[PDB]
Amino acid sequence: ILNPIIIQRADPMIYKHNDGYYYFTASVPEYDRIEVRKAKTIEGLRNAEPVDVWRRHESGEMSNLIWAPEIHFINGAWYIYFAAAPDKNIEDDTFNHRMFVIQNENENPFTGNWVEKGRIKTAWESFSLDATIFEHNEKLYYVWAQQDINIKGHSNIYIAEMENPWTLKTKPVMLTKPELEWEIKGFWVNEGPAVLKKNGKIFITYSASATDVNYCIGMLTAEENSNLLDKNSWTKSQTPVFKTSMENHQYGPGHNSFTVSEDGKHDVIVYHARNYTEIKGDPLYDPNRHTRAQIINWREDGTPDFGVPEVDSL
């Protein structure tokens, strides 16, 4: 794969649909809308024309800092899960994002049939973002980042089971909080969860530390038939599974997703990183996190080896 695939797109999410095609969304640098594009191949996404399917509200809950959309197809309909804030105030050390979802029941997600389901409520109200979804044994799970005032830092990773694609039916179960030295650089953060199933296991990668050079990816692992809503089922990687490569000039890799290659043979990690280190301004407004993709290697023991972020090809 020739990297980067797409410049100036953060929190990249590629979904390979059953029409053959890959659909991509991401955080745009203006944080003001949800862009989607389609192509037959991963590298085809570079040149695919993006379409804004949804734009921030003028005021109120979905009006600011539109972050990290993911496009999913569940039970015959499209869902895009995203976060948004009512303003840019900082309260309890963080922005005040909540989580939303828009649904499109039409086969073609570019049609103008996106319905706001509203706010996906959890057991308490605080900074919440970066939701993703997975299915196991006909149950649907929601995995997301949220702050708890009684747990140190900006956000922890939670899982819950869902009643439907916009509604939880359990309390949040905390799986990781920021605490290891590589999770607490800049800010104490666990965010950007992504789920990969392979080898009788479920892997939840997540990103940690601030969104500069220190950003990196950790991982939780569970046996697929364990009790997924018990923290003790999940083993937390002691060191990052993916991090800055000083040698390759790729800095702060993170907020990954997972897809598969065109022939279906390989798993692919899709992530953002910068190719310079001295940002010299507020990182939130530096637009140069670029979207990148690499093949995942599998070890003898069934665990994934993500390697290192590869050098730019262009």
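One rule holds for the numbers: they count along the sequence shown, beginning at 1.
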Checklist outcome for this item: Looking only at C-alpha temperature factors in the entry, 87-95 or 126-134, the higher average sits in 87-95
Checklist entry - Where do the C-alpha atoms have the higher mean temperature factor in this entry, in 212-220 or in 152-160? => result 212-220
Checklist entry - Highest Cα B-factor in the PDB entry belongs to which of 237, 106, 226, 190? => result 226
Item to check | Residue with maximal Cα B-factor (values as given in the PDB entry) among 60, 29, 252, 281 | outcome: 60
Checklist entry - For residue 177, does the deposited CA B-factor place it in the lowest, middle or highest third of the chain? => result lowest
Checklist entry - Considering only modelled residues of the same chain, in which third does the CA B-factor of residue 67 rank: lowest, middle or highest? => result lowest
Next on the checklist: How does the C-alpha B factor of residue 139 compare with the rest of the chain: lowest, middle or highest third?
Outcome noted: highest
Next on the checklist: By the recorded C-alpha temperature factor, relative to the other modelled residues in its chain, which third is residue 295 in?
Outcome noted: highest
Checklist outcome for this item: Quick tally, chain-level thirds of C-alpha B-factors: residue 47 sits in the highest
